[PDB]
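Here Cβ is always computed from backbone atoms with ideal geometry, including for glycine, and neighbour counts include all displayed protein chains. Values quoted throughout were computed directly from the atomic coordinates according to the rules given, and no laboratory measurement underlies them.
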Amino acid sequence: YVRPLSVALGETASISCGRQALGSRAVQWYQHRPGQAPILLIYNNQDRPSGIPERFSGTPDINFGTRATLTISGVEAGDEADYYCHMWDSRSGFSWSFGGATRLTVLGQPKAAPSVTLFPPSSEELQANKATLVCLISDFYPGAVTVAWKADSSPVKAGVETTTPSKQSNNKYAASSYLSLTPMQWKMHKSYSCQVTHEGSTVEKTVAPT
Amino acid sequence: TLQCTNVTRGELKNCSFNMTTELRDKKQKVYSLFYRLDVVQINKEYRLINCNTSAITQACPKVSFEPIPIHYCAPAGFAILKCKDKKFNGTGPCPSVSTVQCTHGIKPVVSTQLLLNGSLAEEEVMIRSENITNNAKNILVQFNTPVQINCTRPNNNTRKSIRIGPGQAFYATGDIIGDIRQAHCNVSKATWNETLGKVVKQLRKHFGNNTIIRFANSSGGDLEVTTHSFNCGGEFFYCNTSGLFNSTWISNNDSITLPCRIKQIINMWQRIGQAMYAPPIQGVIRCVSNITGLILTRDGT
Amino acid sequence: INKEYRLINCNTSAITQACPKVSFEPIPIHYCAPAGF
Amino acid sequence: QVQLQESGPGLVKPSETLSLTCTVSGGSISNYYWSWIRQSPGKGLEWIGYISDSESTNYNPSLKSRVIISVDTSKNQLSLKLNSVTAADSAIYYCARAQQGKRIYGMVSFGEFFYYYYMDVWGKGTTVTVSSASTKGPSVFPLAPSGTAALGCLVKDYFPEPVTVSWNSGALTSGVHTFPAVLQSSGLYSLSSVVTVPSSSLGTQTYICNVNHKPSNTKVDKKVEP
Ligand SMILES: *[C@@H]1O[C@H](CO)[C@@H](O[C@@H]2O[C@H](CO)[C@@H](O[C@@H]3O[C@H](CO[C@H]4O[C@H](CO[C@H]5O[C@H](CO)[C@@H](O)[C@H](O)[C@@H]5O[C@H]5O[C@H](CO)[C@@H](O)[C@H](O)[C@@H]5O)[C@@H](O)[C@H](O[C@H]5O[C@H](CO)[C@@H](O)[C@H](O)[C@@H]5O)[C@@H]4O)[C@@H](O)[C@H](O[C@H]4O[C@H](CO)[C@@H](O)[C@H](O)[C@@H]4O[C@H]4O[C@H](CO)[C@@H](O)[C@H](O)[C@@H]4O[C@H]4O[C@H](CO)[C@@H](O)[C@H](O)[C@@H]4O)[C@@H]3O)[C@H](O)[C@H]2NC(C)=O)[C@H](O)[C@H]1NC(C)=O
Ligand SMILES: *[C@@H]1O[C@H](CO)[C@@H](O[C@@H]2O[C@H](CO)[C@@H](O[C@@H]3O[C@H](CO[C@H]4O[C@H](CO)[C@@H](O)[C@H](O)[C@@H]4O)[C@@H](O)[C@H](O[C@H]4O[C@H](CO)[C@@H](O)[C@H](O)[C@@H]4O)[C@@H]3O)[C@H](O)[C@H]2NC(C)=O)[C@H](O)[C@H]1NC(C)=O
Ligand SMILES: *[C@@H]1O[C@H](CO)[C@@H](O[C@@H]2O[C@H](CO)[C@@H](O[C@@H]3O[C@H](CO[C@H]4O[C@H](CO)[C@@H](O)[C@H](O)[C@@H]4O)[C@@H](O)[C@H](O)[C@@H]3O)[C@H](O)[C@H]2NC(C)=O)[C@H](O)[C@H]1NC(C)=O
Ligand SMILES: *[C@@H]1O[C@H](CO)[C@@H](O[C@@H]2O[C@H](CO)[C@@H](O)[C@H](O)[C@H]2NC(C)=O)[C@H](O)[C@H]1NC(C)=O
Ligand SMILES: *[C@@H]1O[C@H](CO)[C@@H](O[C@@H]2O[C@H](CO)[C@@H](O)[C@H](O)[C@H]2NC(C)=O)[C@H](O)[C@H]1NC(C)=O
Ligand SMILES: *[C@@H]1O[C@H](CO)[C@@H](O[C@@H]2O[C@H](CO)[C@@H](O)[C@H](O)[C@H]2NC(C)=O)[C@H](O)[C@H]1NC(C)=O
Ligand SMILES: *[C@@H]1O[C@H](CO)[C@@H](O[C@@H]2O[C@H](CO)[C@@H](O)[C@H](O)[C@H]2NC(C)=O)[C@H](O)[C@H]1NC(C)=O
Ligand SMILES: *[C@@H]1O[C@H](CO)[C@@H](O[C@@H]2O[C@H](CO)[C@@H](O)[C@H](O)[C@H]2NC(C)=O)[C@H](O)[C@H]1NC(C)=O
Ligand SMILES: *[C@@H]1O[C@H](CO)[C@@H](O[C@@H]2O[C@H](CO)[C@@H](O)[C@H](O)[C@H]2NC(C)=O)[C@H](O)[C@H]1NC(C)=O
Ligand SMILES: *[C@@H]1O[C@H](CO)[C@@H](O[C@@H]2O[C@H](CO)[C@@H](O)[C@H](O)[C@H]2NC(C)=O)[C@H](O)[C@H]1NC(C)=O
Ligand SMILES: *[C@@H]1O[C@H](CO)[C@@H](O)[C@H](O)[C@H]1NC(C)=O
Ligand SMILES: *[C@@H]1O[C@H](CO)[C@@H](O)[C@H](O)[C@H]1NC(C)=O
Ligand SMILES: *[C@@H]1O[C@H](CO)[C@@H](O)[C@H](O)[C@H]1NC(C)=O
């Protein structure tokens, strides 16, 4: 399961390990952004691989008792991922599973507003007896938006699918939004909108059949 | 009846048992750790080693097993005579004699095979026996230079008080804090090589300047004699000595390691019907002592 | 711990009942020094 | 240095053999330990098993009764054959090189050490989906634009994940923006890419989005123009 942790931008992160050791330990730390390759941060209790910032530091066991904690100083927005504690020690056997995914969320990031781009049905799919509006939303933070479709001025609510806000490489979020229509429903209307409410404000983008 | 399990090779156990409380009508299921040498079978069911032979008395955990220098004195009207002969073997007429009222500081060290913390020999290393031709006479060789031995049980043990009755407390081994390791001893392989060379030099003076002198380990008996049996910090060690006596001598950093085991149910002497539980010692035990003598036993090239 | 009770000493010490023939009466005691004192 | 790349069916029917492969680049296969790690949606990183430089088998007991990690040294390639697959086996499977560390705490002579394994370099990943539903190629529909302008491609009903989108075979890479997919109630993902483009070059330069869907062996292109 997941352990929540919240730090502020540019502060120090104290990720405590899930399972504290019984004897002499060799703890591996892993950073995992969901849907991506895990990144080894610290393999020996204090040793880091080639290409890891100094701001990542693990506690070595010089004396017994001191628990293993991952220390992230000057936390960036990119340091938002799951952090696993791979705990081996002399008393427990062969630790097959990784740690408990600590989900570090960084607070105080720049609040950026979305970028709506609505496309009409293409001529090919219209010639294929199927219409599809696509309302592309991107570069918004915090990553959570609510989409509202409108045929002219009336709500639609029927036949709409929307992505969950996935994260971008620029540490902002993006989400698609498709409204499936019949080729005649899209022709019998004057306009179609995509109200995109992010945080506490809406952004309208309308598209008409001409 | 004890319910024991291995502790997470397979030497020290983890046993639980229904125990009497401070009320005569209440039981309690407490657990404790016991070494292998203290338990025998019938979760697997175990039992203390002494239960089918003798009662057991837990040593008071305030008295110390530390050898304090003891002086034996003769009463008024008597006297003690010392021997100032730096090469005085066991018997014979001591040329230089002096009278004392009390003996020197004698540490009552209960040891085995290796004479610990004893007094040295001046001039050269001495060797004594009643009839050295009689192989049933233990040879009491006493060094002139001490070879140092360091012993330690590295497990950070914990003591757990268990109220077994009104004013009756059984001190048990709670659990190990940290690593589980091996109890052992170290001697310098160099200082033990030259000390065995001095011993082997005096062994030819009555066995032959050409015959070979060989060293082997024990050939049988009990744990108290087949191993270096002593006390360290309050717990009774039993150290394998095959790594020290494995050398054959002809007419003409270094470290040896001795795998010691630890036992708590000990009959101090050959006492029949009496056993003692040594309470566990908290912390990490390590003691530094000199082996100054030796007790050999020739075979009978 | 009807209500449940217990002797006050049970969690600290064993208890010995005084022999009911010996008397707690202060008898005059005389302390004497040995010969030579 | 050393890099790895996985490849596999991407879609395996339930109760079957989930074959997988991973070719490593820039290193010898027979002097490093290799480990398989999968990460299911919602669950955590699960260690499948690992093979040594001596080609020794040792699997997670959670699976084991279904895993058999092989390795062919003629190439730099080793496999992974999870069989009797069920619904919960859908995950992103990763190919990582494990290195062995010998953590000594007491005496090496008595055996007072223990071996720990750490993966330092990883494979990019291979999405595997388990479902009785057959595969299906998509169908690219072009999104025509209208200082700055934006155009893209609609990749309608396909199954299963993923699809790769390249613009001008790889030439157009700045300003590109591919969006995550959308699973419709019919049971098919619909993805859409879009490229922000300077307005003056709309009528001159040509744009072609290259959509590939591997489970269907389909390679399709399309043009975008007002
Ligand atoms: C009686 O007699 C007994 C027997 O005669 C005798 O027993 C001895 O007991 C002592 C104490 O109990 C034992 O000492 C321990 O030794 C352990 C092993 O140390 C050896 O190995 C390590 C690692 O070796 C690998 O790595 C180095 C590079 O680091 C390479 O150069 C090596 O070649 C090797 O790498 C190859 O081999 C691996 C296989 O092992 C392969 O997997 C690998 O791929 C490679 O092929 C060495 O670092 C040691 O070097 C030290 O020794 C030389 C002399 O040889 C010294 O000059 C110098 O000081 C060197 O430092 C050595 O060779 C140690 O692991 C152990 O210390 C650790 O553990 C304890 C308890 O767990 C910790 O409290 C302690 O702090 C140490 O932890 C550090 O290291 C671990 C592991 O790396 C880290 O995870 C941890 O975070 C911590 O790191 C911190 O310190 C580091 C420096 O140490 C530092 O770099 C970090 O940044 C961080 O600050 C302990 O010392 C000894 O082994 C027994 N003897 C024998 C023969 O077993 C007894 O003492 C006698 N006396 C009595 C009983 O009174
Ligand atoms: C020798 O043998 C004895 C057994 O006779 C051992 O003593 C037991 O040791 C185990 C651990 O090895 C103990 O189990 C632990 O109990 C803790 C107490 O939690 C209890 O109480 C809470 C109420 O606060 C309940 O909610 C809970 O359910 C428990 O009933 C737990 O905190 C521990 O939980 C850990 O493990 C679980 C699952 O593995 C994890 O999910 C947790 O996150 C956590 O990490 C654990 O359950 C047990 O209580 C001990 N028994 C007694 C009687 O003390 C000795 O340890 C052993 N010694 C040696 C040296 O071998
Ligand atoms: C052979 O003789 C040796 C010395 O004559 C014996 O070594 C002695 O062993 C005992 C028990 O193992 C030690 O007593 C322990 O002392 C420590 C603390 O000591 C330290 O702190 C005091 C401060 O008061 C300081 O004065 C000391 O010098 C130490 O720095 C306690 O924690 C223990 O509970 C216990 O009391 C002796 O200290 C130790 N003496 C020396 C000089 O090392 C050895 O055990 C003998 N061997 C045999 C087989 O009998
Ligand atoms: C503790 O571990 C030892 C070591 O494996 C166990 O010894 C085994 O005991 C069984 C009897 O139950 C024998 O059949 C095996 O041959 C033994 N193996 C070895 C290597 O000696 C012992 O049983 C374990 N004890 C407990 C309580 O788990
Ligand atoms: C008490 O029980 C112990 C169990 O260890 C007995 O000692 C063992 O006895 C068997 C057979 O009698 C021997 O094969 C073992 O070698 C003995 N082991 C040891 C360590 O002595 C002991 O004889 C029993 N004592 C009594 C009085 O019954
Ligand atoms: C172990 O070694 C020597 C005895 O051989 C002792 O250390 C010497 O002790 C004498 C008298 O006690 C001193 O005159 C020397 O100066 C000491 N030498 C050193 C280097 O310290 C030591 O006390 C012995 N330990 C015992 C007998 O427990
Ligand atoms: C052995 O373990 C005990 C704990 O079981 C250690 O005692 C601790 O010592 C630290 C000081 O470094 C104190 O802050 C703790 O409160 C102590 N704990 C207890 C329970 O008393 C002791 O340091 C360990 N010793 C060794 C040599 O490992
Ligand atoms: C036994 O232990 C003693 C002390 O723990 C060791 O003596 C130390 O030796 C080192 C290396 O020569 C010196 O730097 C120290 O100063 C010594 N300690 C003291 C108090 O003098 C001794 O070497 C050990 N011997 C063995 C065989 O393990
Ligand atoms: C003391 O240590 C020696 C080795 O240092 C042990 O010798 C073993 O003896 C058994 C027979 O009982 C053999 O099967 C092993 O091969 C021997 N081991 C070695 C390394 O030679 C001896 O057993 C130990 N003493 C005790 C009482 O166990
Ligand atoms: C035995 O039980 C008595 C119960 O009276 C304990 O004494 C009381 O302890 C509590 C808290 O420990 C105090 O608040 C009371 O003031 C104590 N009363 C008296 C009269 O002492 C006593 O501490 C217990 N003893 C042990 C060793 O556990
Ligand atoms: C304690 O007594 C109960 C009574 O039935 C029994 O079930 C239990 O196994 C006993 N425990 C031990 C450790 O003997
Ligand atoms: C000790 O020396 C005397 C005379 O030097 C000798 O008679 C005696 O046999 C010696 N002791 C032993 C055990 O040989
Ligand atoms: C003595 O040594 C022999 C061979 O080295 C071994 O078989 C035997 O178990 C040893 N005995 C003791 C008591 O160490």
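Tally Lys/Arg at +1 and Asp/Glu at -1 over every other residue whose Cβ is under 15 Å from the Cβ of D:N76; what's the total?
Spelling it out: positives minus negatives among the neighbours equals -2.
Report the Cα centroid-to-centroid distance between the range D:1-56 and the range A:1-78 in angstrom, as an integer. The range D:1-56 and the range A:1-78 have Cα centres separated by 25 Å.
Stretching the chain fully between B:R128 and B:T99 yields a gain of 8.1 nm (0.36 nm per residue, less the alpha carbon separation). One equal scatterer on each Cα of the range A:109-210, no solvent, Debye formula: the resulting log10 I(q)/I(0) at q = 0.23 Å⁻¹ is -1.15.
Using only Cα coordinates, the Kirkwood hydrodynamic radius of chain A works out to 20.3 Å.
Could you tell me which of D:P142, D:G125, B:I68 has its Cα farthest along the dipole of the protein assembly as shown towards the positive end, charges placed at Cβ (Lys, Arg +1; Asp, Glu -1), taken about the Cα centre? Ranked along the dipole, the leading option is B:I68. In summary, the range D:1-132 shows an alpha-carbon radius of gyration equal to 1.12 times the 2.2 N^0.38 Å reference for compact globular proteins. In the protein assembly as shown, a dipole from Cβ-located charges (positive for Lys and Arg, negative for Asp and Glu) runs towards its positive end, and of D:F159, B:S289, D:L45 it is B:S289 whose Cα lies farthest in that direction.
One Cα centroid belongs to the range B:229-259, the other to the range A:176-210; the line between them spans 89 Å.
The alpha carbons of the range B:1-63 occupy a box of 37, 29, 25 Å along the principal axes, longest dimension given first. Calculated on C-alpha atoms, the gyration radius of the range A:51-142 divided by its Kirkwood radius gives an Rg/Rh of 1.28.
Using θ = phi - 60° in the Karplus curve 6.51 cos²θ - 1.76 cosθ + 1.60, the 3J(HN,Hα) couplings for the range A:159-171 round to x, 10, 10, 9, 5, 6, x, 8, 8, 9, 5, 7, 6 Hz; x is entered for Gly and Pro. As a calculated quantity, the FRET efficiency between B:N150 and A:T12 at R0 = 45 Å, using C-beta atoms, amounts to about 0.55. Eigenvalues of the alpha-carbon gyration tensor of the range A:1-108, scaled by 5 and square-rooted, set the equivalent ellipsoid semi-axes at 22, 15, 13 angstrom, largest first. Annotation: average projected area of chain D is 16.8 square nanometres, based on the convex hull of Cα atoms across all directions.
Radius of gyration (Cα atoms) of chain B, expressed as a multiple of 2.2 N^0.38 Å: 1.19. Only helices enter this figure: runs of n ≥ 4 DSSP H residues, each worth -39500 (n - 2.57), summed and divided by the residues of chain A, yield -500 deg cm²/dmol at 222 nm to the nearest 500.
Treating only the Cβ atoms of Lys and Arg (+1) and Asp and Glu (-1) as charged, compute the dipole magnitude of chain B about its Cα centre; round to the nearest 20 debye.
Roughly 340 debye for chain B.
Isolated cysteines in the protein assembly as shown, defined as those with no second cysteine Cβ under 4.7 Å, comprise B:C51, B:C60, C:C10, C:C19, C:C32. Here the label points at D:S28 and B:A59, each 7 Å from Cα along the C-beta direction, are separated by 5.8 nm in the simple model. Its residue count N fixes a reference of 2.2 N^0.38 Å for the range B:215-301, and the Cα radius of gyration divided by that reference is 1.31. Average projection, convex hull of the Cα set of the protein assembly as shown: 61.1 square nanometres. Normalising by residue count, the range D:133-226 has a Cα convex hull of 89 Å³ per residue.
Note on chain B: helix-only mean residue ellipticity at 222 nm, from DSSP H runs of 4+ residues weighted -39500 (n - 2.57) and normalised by residue number, equals -1500 deg cm²/dmol. This model, with +1 at the C-beta of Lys and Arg and -1 at the C-beta of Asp and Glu, gives the protein assembly as shown a dipole about its Cα centre of some 1640 debye. For the range D:1-67, the pair-distance distribution built from all alpha carbon pairs, in bins 10 Å wide starting at 0, is 16, 45, 33, 5 percent. Positive contributions from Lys and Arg (+1) and negative ones from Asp and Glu (-1), summed over other residues with Cβ under 14 Å from the Cβ of A:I52, come out at -3.
Extents of the range B:150-301, largest first, come to 69, 41, 21 Å (Cα atoms, principal axes, whole angstrom). Seen from C:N9, the other residues with C-beta closer than 14 Å to its C-beta sum to a net charge of +2, counting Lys and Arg as +1 and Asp and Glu as -1.
For chain D, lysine pairs with C-alpha atoms less than 17 angstrom apart, excluding pairs fewer than eight positions apart on the same chain, total 12.
Give, as ranges by residue number, the residues of the range D:46-79 whose backbone N falls under 16 Å from the point 7 Å along Cα→Cβ of D:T86. Answer for this model: D:61-67.
At an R0 of 45 angstrom, the distance between the Cβ atoms of B:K205 and B:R271 translates into a FRET efficiency of 0.70.
For A:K205, the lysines whose Cα comes closer than 20 Å to its Cα, not counting residues fewer than 8 places off in the same chain, are A:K150, A:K157, A:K187, A:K190.
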